Structures are given as C-alpha cells and as structure tokens.
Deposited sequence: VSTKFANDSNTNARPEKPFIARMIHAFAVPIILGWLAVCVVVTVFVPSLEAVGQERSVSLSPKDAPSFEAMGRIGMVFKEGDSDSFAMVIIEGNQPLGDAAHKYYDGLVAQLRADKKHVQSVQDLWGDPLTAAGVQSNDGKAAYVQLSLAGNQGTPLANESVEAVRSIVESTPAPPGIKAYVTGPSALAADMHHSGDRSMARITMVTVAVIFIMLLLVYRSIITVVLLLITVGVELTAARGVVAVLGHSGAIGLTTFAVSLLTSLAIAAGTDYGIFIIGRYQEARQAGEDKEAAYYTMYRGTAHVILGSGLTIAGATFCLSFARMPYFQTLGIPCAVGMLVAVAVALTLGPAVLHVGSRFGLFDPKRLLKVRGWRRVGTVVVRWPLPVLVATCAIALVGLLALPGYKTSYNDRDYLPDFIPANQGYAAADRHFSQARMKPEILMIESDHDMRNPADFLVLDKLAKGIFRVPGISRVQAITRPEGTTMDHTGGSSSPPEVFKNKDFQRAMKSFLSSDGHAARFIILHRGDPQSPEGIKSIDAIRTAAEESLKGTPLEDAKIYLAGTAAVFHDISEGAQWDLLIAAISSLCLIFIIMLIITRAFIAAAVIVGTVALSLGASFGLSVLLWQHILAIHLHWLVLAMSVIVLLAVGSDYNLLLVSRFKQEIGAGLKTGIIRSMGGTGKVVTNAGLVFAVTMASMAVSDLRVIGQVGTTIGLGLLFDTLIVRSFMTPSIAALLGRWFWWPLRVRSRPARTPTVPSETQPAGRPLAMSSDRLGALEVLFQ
C-alpha cells in the first residue's frame, strides 16, 4: 500500500528540492538576518502589570524624572581621591547628558551639590556615581539605542589624567546581554555542526551520507529562522536573544533527528532486502506520521510558553512554535524528497550491517521480567529529587555574562569602592492628598525613615531628614535644593532611597521588601499620613514579582504541555493508555534531569541555575523526550500481530539503534550551547542535554518497553489486538 502523499512526494521529488532551495534564497536576502530582527524587535523585560514596574513608572512621572523603568548609572573612578578636577569633568559630562532629551530623560545629579555630594562619594574618596533615567523600557530597542548614546557620550568626553568612567545599571546590562547573545550565535552553530558532523560520520561511516543529511538540516534551519524573521520584521511578534538562540539549536537538533529517522528506517528496509522504491514507501509508513506527530509536539509544547506571564517565557511561544512547524514541514517534505533523489544515485544504502542482536537481548530481558526492571528504572528516575531540598535559584544576571562586557566592567569598579548594594538602590515613595512641606508632616516622614533604617538587611536610608543617608531647617536654601529631589516638586508625595547590606538579588534580599511595606505601613498607621498610598520600586522590588511570577507560571507552562502533548499523542496513536505512557514516563523522568542538572551546576560547578533554566528547559525535555517514546511506541503498533511481547522485542531491535543515535545528537546539539557567552542559555542547553541523555538511555530503553509488556492488551485500549 503506497499512501498518496508519499506518492506525490516521490513523483515531485526534484521539484520539492528546488522549491525549498528557492525559499532559502528568497529568505535571508529579502529580510534581515534573524539576529538583526531581534535587535530591532526586542521586548521589554518587566511585565506591564507587575506592581514593581508600574511603581517605577509612577515614581518617575510624579518627580518628572522620566517615565520608563530603565535607569542607568555612570560611575567615575580615579587612582587618587577625586579632586576638584574630577568635578569639572563630572559637570561637563552631566551637561552633555542633560542636553540629549531623546535618550537621557533626566539626570539625578547629587555629586554636584556639596550638601549631598558626600553622600555619593566613595568612603575612600576615589569614586563617585550619578544615575540617569533613560528613555524606553529595559531591553527594548529604544533602550539599547539610548544606552549606546549615553555610552558614546561618556567615551567621547576626554577624561582627566588618571580618571576612568563606566556605565552600568539594569538597562545597560540588558543591552549588553542582547549583544553578547547575538555575538556568540556564530560560535554556537559552528561548534554544533562540527560536533554533529563528527558524530554522524562515526554512526554512518559515510561522508556523503552525512553531507546530504546536514544540507537537509541547513535548509531546515534557514527556513525555520527565515520565516520567524519574516514575522518579526513585520512586527507580528516580539523576540528576545533567548528565542533566537533557543530556536536555532532546536531547528538543528530537531532537524537532524528527523533526518536520522528518515535515513534510519529506510536503511533498515534495504537490510531486509526491500527494493529502492519499496524501501522508500516502507520508510514513509513507519516514520512519516512519527515525524509529523513529533513535529507538532515540539511546536505545540513550546507554544504553551505563550501562556506564561513573564516576557522572557511569553516571547518563546510563537517564535519557537512557528520555527519548529517550518522545520517539520521541510523534514516531512524535503526529507523524503532528498532521500528519493539520493536513492536514485545509490548513496543512502547502509555501509555497515544494522546489527540488532544487542538490543533484542535487552528486549527479551525487559519483556520477560517487566516489573523487576520497571521498579529499578522508576526508582533511579525519582532519586534525582535529592537535589530539590538544596535547590537554590539565582537572579544575579551579572554572574551569567562574561567578565569583560562593559556592564560588568563598571560593576567591577563599583565593588572596588562601594558595597555591592550601592549600585542597586530601592526607592520608596508615598502619595498623600496634601502638601508635606511643614514640620508636622516632616516628623512623620522622619519616623518612617527611622523605622526602615532598622529593617533587617538595610544599610542606608536617604531622606529629606537624612540628606547623607545618616542622622543629622528644611526651609534653608541648600535644603530646598535637597528637597527638590526627595519631595514632589509641588505635589503631595515624598520618596526615600534605601540601600541594603548584601546584594538585593539574593532570595534573602527579596524577603526584605515585604518587611519594608509592613514596617512603612505600620509606621504610617496612627498618624495623619496613615491613608497615604505607598509605592515601592527598585532592583529588589522588581525581582519580588519575578520570583512570584516565575515560580507560578512554570506550572502553567509545564502542566499545559502535558495536556497538549498528551492530546497530540492520543490523536496519533489513537490509544488512551499508550498516549499516557508515552508522555507519562518522561514526566516521571523530569526528576532525573532535575537532579542531574542541579548536581552539575549548583554543586560540581558552584554556579546556581538561572531562574529561566527550569521553565525553558522543562518544555523541551517534555516535548523531545516524548518524541522518542512516540517513535518506539509507533513501532510497537506495526510490529504487533505476531504477539505483544514478540512485537516489542523486534521493535526495539529496529528502533533501538536509531533512537540512540538520534538521542545523542539532540543531547549534544543542545549541550553545545554551553559555549555561548550567555551562560544562562548554556545552563538551558546543558539541562536539556542531560535530561534527553537520561531519557534516551533509560526511559525509552527500559521504562516504556517494560511498561508496554506489563500492561498487555490494555496498552492499546480501545484498539483490538490479535
């Protein structure tokens, strides 16, 4: 029986190859490279409804210090205590920044005022800093441009002898993170293909066989990245360097795996003695619906991220889903087509015997003794939870970027002269319904300032009553200048600047925020300002929402995948329990990946996992891991007919070797991303690599077949058997 679709792909082989070659030239020529599109179509990092984010906007708007949540700090460092010469340099630098209304919305100048200069000068006197409110939210294309404008201005100004300047802050770091991600894209791909080429060469021992397989991947990759660039260039979707990097590796990984299945099954047909045409159709029947089923799995699974709340996860939804669907379409169409043309010239016939003795022996043990193996494999999957008690997520974006990026360079200057918190201040503001420029209210504010100063983890509290962050009339002319930066110009609100002891990015730092709100609220109670609304924003404030956001939406992403993947498997196999087992075993196996990934990074390497790692990696693990089970289980369906146990044994003989090669390629393809400067993506790549390595070698080899034999006929409910 020759299916119609395979028949037309067979008949229109060369036209299909030409058609996709044309798509890969029309794209990449009529659209800018996907990296360029991401630069022009980046997305803001802060979710638009986070209380911290809107508080930052509210704080800025009232004080006229801009309206974006994207601030940056310019640091001055000198080999000797900063003399008056530095002030002259500082004043000129500030003057230029204040002129550029396009990018520098406002400059909170403090070091220029003697009444507050000492409160910003370094304790050693060799360093000082000034903060800027840049246009455009963090990570947006406007913000990256604005930071560059600021950075160019700082560089342009000639520094006095022995004086250095740097630009830092969350805005500057986010932009440099984007450039580093794009800059390392070339190295990720070059290493990925080079490593895959060596691996495939050993597997097939045929250079020609590998080259055609990779060229199939390249067309798969270019179309995948090509189409996503088209959507991004048209403004239909927002991108991030994680989407660009993750999408590229998935296309190469998923692209190669679909190639291995096509060549793998076809080669097996030749070993059995099938004719060239008959082998081709045999390949299609046994792998066409598997690739389509697996293709929708990765595209569908990654699309579930679109339901996440954080912009990082939300923006992975469409770019990955659209990209994977395109790569799948090329695989299901260009795959068989190149195979047919390659067969016409006799290139794809196996060069070594496709031995199956090794895997059949494993099948005999598993099927004959399912439960004893099942328990053994099930337990070793769960013991990966031993890392969960000691798991500690991290948020310090500094540590997950190269030391030499400009943002980290300035931070290094900050640590050399200031406590690490001085470059990450929190700002607390309260709105009233009346003016506060009276001693009566001032006393209430002073009481509030005292209360916050004693909150655990707090180091300094700038206030109108504390011009230098420490204990000390307001109507004095100099104090009026100070009042112009701590009270609303003529409004009903006041603000304070809070400095922690210890990095706010630590989970301990995050906990300090709720204390501030509670302490401020109780201090405000019992006094006329009790009704005043409180706004809190800053580095710690932002990540309070991140911690609550990421920890929750992870369930939204992972749980949604289980339902979506289960549906795709169910419609494919048309069997209820089989679909559950296909994805169920991988779900139980997530513990093994959890333990392995944490053990390698947190313990062996002493580097905590970035908060993005689990949410981004789990979806791929749950998607690709189920694909291998789908392939194996689909082979059970065909082989059955002699007998369930017999079908399982001979099924693992055929698909046993193919999946292992496919599994290692995907694991190595995702693991190769560790070479990226963006260490965050490397953790995502390694976590996927370790998990898929575990899934292919235990979940697919032992769990699924063992469960398959144990259930017997019910495994294919409601389908009839024998």
In deposited-sequence numbering, the unmodelled segments run 1-15, 488-498, 749-783
